[PDB]
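Commentary on secondary and tertiary structure
So the chains spell out like this:
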Amino acid sequence: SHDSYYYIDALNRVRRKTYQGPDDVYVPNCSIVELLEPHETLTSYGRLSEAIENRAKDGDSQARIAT
Amino acid sequence: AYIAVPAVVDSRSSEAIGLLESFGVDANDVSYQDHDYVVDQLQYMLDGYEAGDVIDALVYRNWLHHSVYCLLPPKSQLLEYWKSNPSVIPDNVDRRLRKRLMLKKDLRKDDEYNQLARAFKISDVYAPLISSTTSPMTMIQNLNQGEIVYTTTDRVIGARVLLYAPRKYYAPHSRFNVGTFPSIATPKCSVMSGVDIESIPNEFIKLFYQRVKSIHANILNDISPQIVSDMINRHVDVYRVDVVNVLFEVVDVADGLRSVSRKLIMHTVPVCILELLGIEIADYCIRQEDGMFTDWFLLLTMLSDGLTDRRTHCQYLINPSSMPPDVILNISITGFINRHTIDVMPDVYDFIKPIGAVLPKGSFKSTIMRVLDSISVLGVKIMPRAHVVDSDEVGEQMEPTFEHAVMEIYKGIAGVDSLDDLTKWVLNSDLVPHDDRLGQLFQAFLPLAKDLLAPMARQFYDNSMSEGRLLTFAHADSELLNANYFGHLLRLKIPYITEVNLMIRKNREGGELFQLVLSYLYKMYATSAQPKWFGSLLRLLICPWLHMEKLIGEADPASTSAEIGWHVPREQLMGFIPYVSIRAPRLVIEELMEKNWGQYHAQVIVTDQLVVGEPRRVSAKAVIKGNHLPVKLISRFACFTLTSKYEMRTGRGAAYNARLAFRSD
Amino acid sequence: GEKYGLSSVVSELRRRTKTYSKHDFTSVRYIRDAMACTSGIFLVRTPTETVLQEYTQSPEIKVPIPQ
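All of the points below concern the structure found in this document.

Rules of the game
Residues numbered from 1 in each chain as written, not as in the entry; some residues may be left out. Chains lettered and ligands numbered in written order. Part of a larger assembly, values for the part shown. Heavy atoms only, no water. Helix = DSSP H or I, 4+ residues; strand = E, 2+ residues; numbered from the N terminus. Contact = heavy atoms within 4.5 Å. Axes fitted to C-alpha atoms, helices over the stretch in contact; angles between N-to-C directions. Parallel < 35°, antiparallel > 145°, perpendicular 65-115°, else oblique. Nonpolar A, V, L, I, M, F, W, Y, C, P; charged D, E, K, R; others polar. Buried area = accessible area lost by both parts, 1.4 Å probe. Salt bridge = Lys/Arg side-chain N within 4 Å of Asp/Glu carboxyl O. Polar contact = N/O pair within 3.5 Å; in protein donor to acceptor, adjacent residues only side chain to side chain. Buried < 20%, exposed > 50% of the residue type's maximum accessible area, 1.4 Å probe, protein only. Pairing = 2+ DSSP bridges. Disulfide = S-S within 2.5 Å. Patch = residues over 30% accessible without salt bridge, like charges linked within 9 Å, V, L, I, M, F, W, Y side chains within 5 Å. Areas by Shrake-Rupley, 256 points an atom, 1.4 Å probe, with all protein chains shown as cover. Expected span 1.5 Å × (residues − 1).

Now for the environment of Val191(B). All names here are of chain B. Along the chain, the position of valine 191 falls in strand β6 (residues 190–192). Residues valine 191 and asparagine 221, spaced 30 residues apart in sequence, show a C-alpha to C-alpha distance of 6.6 Å. If sequence neighbours within four positions are ignored, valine 191 has contacts with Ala4, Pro182, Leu220, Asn221, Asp222 and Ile223.

Structure follows, in structure tokens:
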């Protein structure tokens, strides 16, 4: 998962740390399912959970990275 | 009597400034004219016509023949206004045309009206008339005749413009009078000769006076401020400081006899410093027992924006050393030749943000960081050492540091080893560098300067923007540009020879000539922009504060002071950091209680231990989100500090959407 | 190919490219069909890293003009 991919810079903006080359700034590939809550009317499909974006708007450190 | 001064004169305001004692004239009978509107009228006048017609028209105008304009709607609304409720039609009108106007419900079907209206001209009724094709010369020449002039257009120069119709149709002397435009129409009109055409700060008065003195110089009745002081007798703004120049000379008294070597001049020292240092027309020794400059001549040379001589007119950079090709040791001050005001607040300083000053490598830093730390005009500190970042500090938190990193550049050049051999190879006996070898060294210096220093400088300057608003020295111009520095960029120089400073100082930690080579590297690394005379910053730093205490002084410390800072709500689990500090009179801070300090938001991280013997403090970090603070949001009348660290009055702390709060008493 | 583990693709392309020796429609359609196999996607990254990758570079002047 994505915990070792991003960080928070000074001036409190989100970035990522690159592993191969200084142009490794694109989207990484990690497990996604742990940040999901299911839609109604069908169980199998989920979206981004509202509690994490609520805590990210509040100003949590991990929740901003996750959203 | 009518004299002319090189400054904008309004009747109600320049009397409150005084404005005539400011040029050096001791002084009722002196009545001021309002030449405020003619400068804006000239600025609107210049974009259509050329320059020379406008100026040479305005030159031939006396300012005692009092008169006025008249502006009328062009033709259709002119006849429509006579059709309307007033029958104020003049007697110049056609007998048939007024008869057709006195009727009711005229329209396009009336052939008898329209046939005469299509052959009617405004110039038949009104004379003299300014049309849009008239020269500017004939406008003023017709204006000097008959106390009212009819126009068609707005773009006129001279007196005040008044309108003829409502806007729905359009699309007191004394004996001595001053002004800001020299008249020629009277044999006696006068122009003052205090300041030359190079120090006039309006840029339209300067453009006017150069063109006047270019062609009419023989026929100007010219007078000096001393003769003006003969002829007369027989809120309080800051950032307006009188300046003069010191006409001195260096003397060489060896034993008995004295000689005179040079005849120098020092262009724009402020008058308040010369008054408070208490210097006069006498001799002065400017060296200490060591050979250092004795702490007041140093400040005088650091306040000015120039130092040249008078026989030739090249720039003269003085020798700071004591080696005698040319040692300046004794000064004889001989007068003060021009006097004017200057707006100390510059153009680039718009929003409140940190200050990056670019000084060269061998400039005097170790003296000015001692002197500026030890100044205090009021119950504040102007520039403490804890708010100043050296140029050295940005490249020191590194595996072996940037000076020592480029100290071992010698491995890589053929025939070069043992760094003394490189320094012997580059510089000759003159210690002027060879043309190729310095660039051959630079082509290996440059990737170490860019690919290695600039990311660390960018990180460090982001960190320094976070922990307060500071002042950062810098060696070169591009050092603050390749690293994305945020703040005001100031390119500065001192009037001294920075080169021979590098041989005086021992304990340089490396080659004593190597640092001169490293200074040449930074001098060539910078861009080709002209630096701007360190006094241009030092007058801003000192002179508003020194002028402030002459009128804020001993009112009350509780209700002259106030401070701006970020405010967190009290509802927290375990607050007012300061942002600037403002000292002003009572009415100004009462005018500062409004102008609400919302629409400014940060994110304060506040977690630290107590550090010093002062009360409970936590060195916070505020990161401004929105726009930064304008200065006209504060004032023109209230001084404010420029640099500040962040702290509030245990537990922890997290990201707080802070806001500002003006507190006072 | 040796850096990224695609030598079995690169050598496969080179040995097939070395068999065409006349200029007609066949060898031209070979180039068309080889160019078609690149993947046309649209690269996605945040603007906050688009700026701080693109707008942080700077030119280097190895021979500046003297003072």
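With that settled, the discussion passes to the packing of helix α16 (residues 435–466) of chain B against helix α19 (residues 514–525) of chain B. Residue and element names in this part refer to chain B. Interhelical geometry of α16 versus α19 gives an angle of 75° and a closest axis separation of 11 Å. Here α16 is positioned roughly perpendicular relative to α19, judged by the angle of their axes. Across the interface between the two elements, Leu438, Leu441, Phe442, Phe445, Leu446, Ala449 and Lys450 from α16 touch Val517, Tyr520, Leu521, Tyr522, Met524 and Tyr525 from α19. The residue inventory of the contact of α16 with α19, partitioned by class, reads 12 nonpolar, no polar and 1 charged.

Moving on, we get to the interface of chain C and chain B. The interface of chain C with chain B comprises 10 residues on the first partner and 11 residues on the second. Both faces considered, chain C and chain B share a buried interface measuring about 880 Å² in area, 50% of it formed by carbon and sulfur atoms. There are 0 salt bridges connecting chain C and chain B. Our count for the contact surface shared by chain C and chain B stands at 5 residue pairs in polar contact. Grouping the amino acids of the side of chain C that touches chain B by side-chain chemistry returns 5 nonpolar, 3 polar and 2 charged.

The interface of chain C with chain A comprises 6 residues on the first partner and 7 residues on the second. Summed over both partners, the interface of chain C with chain A buries about 700 Å², with 58% contributed by carbon and sulfur atoms. When the area that chain C buries against chain A is broken down by residue, the three leading residues are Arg45(C), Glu49(C) and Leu52(C), summing to 57%. Linking chain C with chain A are 0 salt bridges. Connecting chain C to chain A are 1 residue pair in polar contact. Of the residues assigned to the side of chain C that touches chain A, the class counts are 3 nonpolar, 1 polar and 2 charged.

Moving on, we get to the pattern of salt bridges. All names here are of chain B. In the structure shown here, the tally under the stated rule is 21 salt bridges over all chains. Of the charged contacts, one joins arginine 211 and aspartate 56 as a salt bridge, the two residues approaching to 3.1 Å between their closest N and O atoms. Measuring nitrogen to oxygen at the nearest pair gives 2.7 Å for the salt bridge that ties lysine 632 to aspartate 350. Classification of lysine 632 by relative accessible area gives exposed; the value is 55%. With a relative accessible area of 33%, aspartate 350 lands in the partly exposed category.

With that settled, the discussion passes to unusual backbone geometry. All names here are of chain B. Note the cis peptide between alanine 127 and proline 128, where omega equals 0°. For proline 128, the location among the structural elements is in the loop between α7 (122–125) and α8 (136–146). Although it is not a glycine, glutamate 509 adopts a positive phi angle of roughly 60°. Its place among the elements puts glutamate 509 in the loop between α18 (501–504) and α19.

A few words now on the sheet that holds strand β18 (residues 471–474) of chain B. Spatial strand order, β17-β18-β16-β19 (chain B): 4 strands in an open sheet with parallel pairing. With partners counted over all chains shown, the strands left at the sheet margins are β17 (388–389) and β19 (488–491) of chain B, one partner each.

A full pass over the atoms with the stated rule returns 0 disulfides over all chains. For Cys543(B), which is in no disulfide, the shortest distance to another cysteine sulfur is to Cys272(B) and amounts to 6.6 Å.

Taken together, the side chains of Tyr4(C), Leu6(C), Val9(C), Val10(C) and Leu13(C) present a nonpolar region at the surface, about 490 Å² in accessible area. By the element assignment, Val9(C) lies in helix α1 (residues 7–17).

What follows concerns the pairing of strand β13 (residues 330–333) of chain B. Residues and elements named next belong to chain B. Neither face of β13 is open: one carries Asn330 and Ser332, the other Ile331 and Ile333, and all of them are buried. Across 3 bridges, strand β9 (residues 248–253) lies against β13 in antiparallel orientation. In the sheet register, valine 250 faces β13, and the bridge partner there is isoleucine 331. Looking at chain direction, strand β11 (residues 283–285) and β13 are connected through 3 bridges and run antiparallel. Within the sheet, the bridge partner assigned to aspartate 283 lies in β13 and is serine 332.

Residues and elements named next belong to chain B. Taking strand neighbours across the sheet as the criterion, the 5 strands line up as β2-β5-β1-β6-β7 in an open arrangement whose pairing is parallel. A single partner strand is all that each edge strand has here, and the edge strands are β2 (30–32) and β7 (222–223). Here 2 bridges tie β6 to β7, and the two strands are oriented parallel to one another. Opposite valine 191, over in β7, you have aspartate 222 as the bridge partner.

Below, the discussion takes up the side chain of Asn62(B). Residues and elements named next belong to chain B. Among the secondary structure elements, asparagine 62 is positioned in the loop between α3 (52–58) and β3 (69–71). Using a relative accessible area of 16% as the deciding quantity, one classes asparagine 62 as buried. Setting aside residues no more than four positions away along its own chain, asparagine 62 makes contact with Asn144, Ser183, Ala185 and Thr186.

A few words on α19(B). All names here are of chain B. With 12 residues, α19 should cover 16 Å at 1.5 Å per step; its first-to-last C-alpha distance of 16 Å lies within 8% of that length. When you tally the buried positions in α19, you get 10 out of 12 residues, the bulk of the element. Among the residues of α19, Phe514, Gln515, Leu516, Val517, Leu518, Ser519, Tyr520, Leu521, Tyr522 and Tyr525 are the ones counted as buried. Along its buried surface, α19 packs onto α14 (402–405), α15 (420–426), α16, α17 (479–482) and α18.

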